[PDB]
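One structure is given below, encoded as structure tokens.
Only this structure's heavy atoms are used, side chains among them; waters, hydrogens and symmetry mates stay out. Below, chains carry the letters A, B, ... as their sequence lines are ordered, and counting in each starts from 1.
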There are 2 protein chains.
Amino acid sequence: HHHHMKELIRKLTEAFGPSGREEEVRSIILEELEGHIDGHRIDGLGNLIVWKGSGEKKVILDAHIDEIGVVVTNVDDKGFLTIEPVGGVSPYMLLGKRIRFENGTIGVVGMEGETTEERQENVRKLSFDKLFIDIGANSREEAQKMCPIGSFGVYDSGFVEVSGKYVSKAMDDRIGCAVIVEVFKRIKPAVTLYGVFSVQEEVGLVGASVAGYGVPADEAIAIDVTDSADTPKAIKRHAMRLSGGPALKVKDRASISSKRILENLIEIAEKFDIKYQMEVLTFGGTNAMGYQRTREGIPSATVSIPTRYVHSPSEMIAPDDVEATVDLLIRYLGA
Amino acid sequence: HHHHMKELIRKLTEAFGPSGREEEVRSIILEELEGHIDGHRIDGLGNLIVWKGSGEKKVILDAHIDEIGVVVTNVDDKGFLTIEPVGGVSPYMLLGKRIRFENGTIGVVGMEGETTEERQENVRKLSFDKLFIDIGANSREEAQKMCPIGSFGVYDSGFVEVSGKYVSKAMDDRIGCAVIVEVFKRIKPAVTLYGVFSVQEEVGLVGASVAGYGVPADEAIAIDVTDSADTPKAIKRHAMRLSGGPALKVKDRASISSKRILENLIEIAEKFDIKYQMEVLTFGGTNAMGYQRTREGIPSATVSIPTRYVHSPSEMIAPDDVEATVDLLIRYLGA
């Protein structure tokens with residue numbers, strides 16, 4: 001390795017930050033960036049925006065700070081919790097897992113069903129309303145004091161090295177957050193660089209990303225994860241893979257200016273022998289509204305870290321891909 | 001609490017001992033029993049037998065030392081492991097979990113399937129042959145060096161306190177092992193007491209439990225776990241429950257001598273105000289062979305610790321039930 005990002009990745013991935021409660025992650029980001037940013041602000045949606053540099057061109061790098069999890073929606077007479085999903089969490093991934101709550105309380109996920117046929121019927125068509133969380137309470141009253149309705153939880157799973165790979169919860173998108181932090185620590189920007197550590201935008205709600213988080217940027221580059229389809233039988237040509245480098249794309253039907261960002265990233269990677277992969281463009285439909293949506297706003301591209309087991313408690317990345325991503329961005333955004 | 005068993009329970013439940021590889025558990029048991037046993041032996045099947053006392057009546061206490069897990073059956077060209085179950089492990093409980101191998105190697109369980117319909121089809125009817133384990137290897141050769149075919153793994157999950165409950169892997173039956181160890185540490189036996197820490201007997205193979213592990217005992221008491229059916233909707237009268245005390249039973253159609261052991265345990269519990277529950281008798285069929293099987297061998301009974309989430313990485317017990325079990329046995333087997 002040529003960066004020293006392990007501890008940053010451990011800290012960010014282990015931090016508590018389900019959608020709606022990301023205070024710890026923002027605080028960690030600001031501590032890591034102390035002395036490396038010229039300023040910051042937090043918008044009314046909870047997006048953290050930082051900046052460094054004074055160059056003519058304004059560039060956003062945007063990674064999501066929120067993670068998948070659960071929210072408590074009911075407490076029963078014996079102290080058991082009902083939950084709903086926060087983000088894309090499959091109930092299959094939650095079965096038998098331990099969940100850590102904001103206040104440090106640990107709970108165990110169980111499933112309803114007594115007989116084999118009951119459990120078989122349930123587990124074969126698993127629904128969140130068949131799950132519950134046991135926090136060791138013996139009554140509604142004990143449980144409501146520890147995890148009242150509206151409490152968030154995340155996986156009780158942290159960071160581990162798995163023969164040269166890194167595994168943790170919340171690679172999506174704490175790994176993107178780590179990339180941006182590392183870029184801010186290392187770069188002497190030729191641009192005015194904005195780092196946005198954003199809350200994800202629920203479908204059906206107004207988000208801030210289209211308006212550039214109020215930053216009048218010339219370019220916006222999302223730093224995300226993409227599924228690494230290099231596991232057994234999910235073996236196709238042109239798949240994203242671990243150790244293939246950052247995955248580069250734009251949206252389908254992107255503007256000339258957005259495509260230029262992609263071409264320029266490709267050129268940097270080629271000139272500096274940085275591994276990279278060409279990802280299929282983000283699908284956005286085929287209608288007239290979708291066409292006009294890409295031709296307004298800020299020219300944009302996406303750079304993604306290949307990740308196995310996305311949305312599990314054991315998301316896996318190759319540290320070389322992360323370092324390559326940092327290197328690519330520093331070369332692109334530097335002198 | 002009135003015993004100090006937390007550390008013993010943590011140590012035993014965390015120990016590596018899938019069926020076929022229980023060396024660490026036997027070693028821990030012997031270390032804990034140093035100075036409290038008069039002797040021991042290990043039989044050809046791997047059953048560890050210890051003894052203390054010199055009384056006329058010979059009594060076995062028997063708890064299983066093996067835990068559920070996985071065994072590696074194939075290594076593919078990219079380093080991914082195929083597994084089969086050891087013991088009663090559902091593939092649903094393994095999804096996204098981390099597995100710890102004998103040599104300390106950690107792996108992540110994944111499932112085959114790329115599309116939503118593929119994964120939905122797979123996960124709705126989950127089979128072990130759709131799972132794999134990723135140990136971070138990049139080739140068959142790297143993987144075979146870390147986890148060759150025949151390697152065992154267990155849950156990568158250890159002991160935690162959950163508001164006054166204890167949660168770990170392998171309560172089934174490390175909790176029974178802890179009960180027996182604690183009895184040996186505390187008791188002045190009025191009997192010759194044998195502690196058997198047994199390997200489970202595969203259906204279809206000859207085991208040693210029927211012959212009393214070669215001990216010519218007068219009574220044999222299994223110390224096991226039983227499912228605690230006190231979770232949401234699995235709410236029936238007469239259910240075993242946490243904090244209801246040890247669950248007491250014999251086999252269906254038990255002999256007069258076996259039923260006497262049960263009656264005598266009940267009497268002890270009543271005389272000493274120890275909580276207990278009456279569990280439905282062990283089902284053994286209704287035919288002539290089953291009838292004669294209970295009337296030979298050693299008079300036997302079972303004392304069980306109520307446990308939630310059996311066969312998950314988060315098996316849960318109430319420490320009061322464990323202490324009550326120890327207390328009951330010490331009173332029964334003492335002067």
Mind checking the OG1-CZ spacing from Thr231(A) to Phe132(B)? Nearest 0.5 Å is all I need.
4.0 Å
If you round to the nearest 0.5 Å, how far is OH of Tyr92(A) from CG of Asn122(B)?
11.0 Å
Does any part of the side chain of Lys165(A), heavy atoms only, come nearer than 4.5 Å to the side chain of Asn138(B), both counted from C-beta?
yes
Among the listed options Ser163(A), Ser157(A), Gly107(A), the residue most often paired with chain B at heavy-atom distances under 4.5 Å
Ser163(A)
More than 12 heavy atoms of other residues, nucleotides or ligands under 6.0 Å from CD of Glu161(A): yes or no?
yes
Hey, is the main chain of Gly96(B) close enough, under 3.5 Å, to the side chain of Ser312(A) for a donor-acceptor pair?
no
For a quick test of reading the model, state the closest non-hydrogen atom pair linking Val162(B) to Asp134(A) and the distance between them.
CG1-O, 4.1 Å
By the definition side chain to side chain contact (heavy atoms under 4.5 Å, CB included), identify the one residue from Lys130(A), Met111(A), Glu112(A) that meets it with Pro232(B).
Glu112(A)
Closest approach of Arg98(B) to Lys169(A) (non-hydrogen atoms, all atoms of both residues)
NH2-N, 4.4 Å
With a 4.5 Å limit on heavy-atom distance, are the side chains of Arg308(A) and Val108(B) in contact?
no
Are the side chains of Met93(B) and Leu95(A) in contact, using a 4.5 Å heavy-atom criterion?
yes
Given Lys97(B) and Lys97(A), is the side-chain contact (heavy atoms from CB on, under 4.5 Å) satisfied, shown in steps?
CA-CA 8 Å; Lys97(B) 270 65 166 204; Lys97(A) 270 65 166 204; 2.7 Å; yes
Determine the minimum heavy-atom distance between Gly110(A) and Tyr309(B), stating which atoms define it.
CA-CE2, 4.3 Å
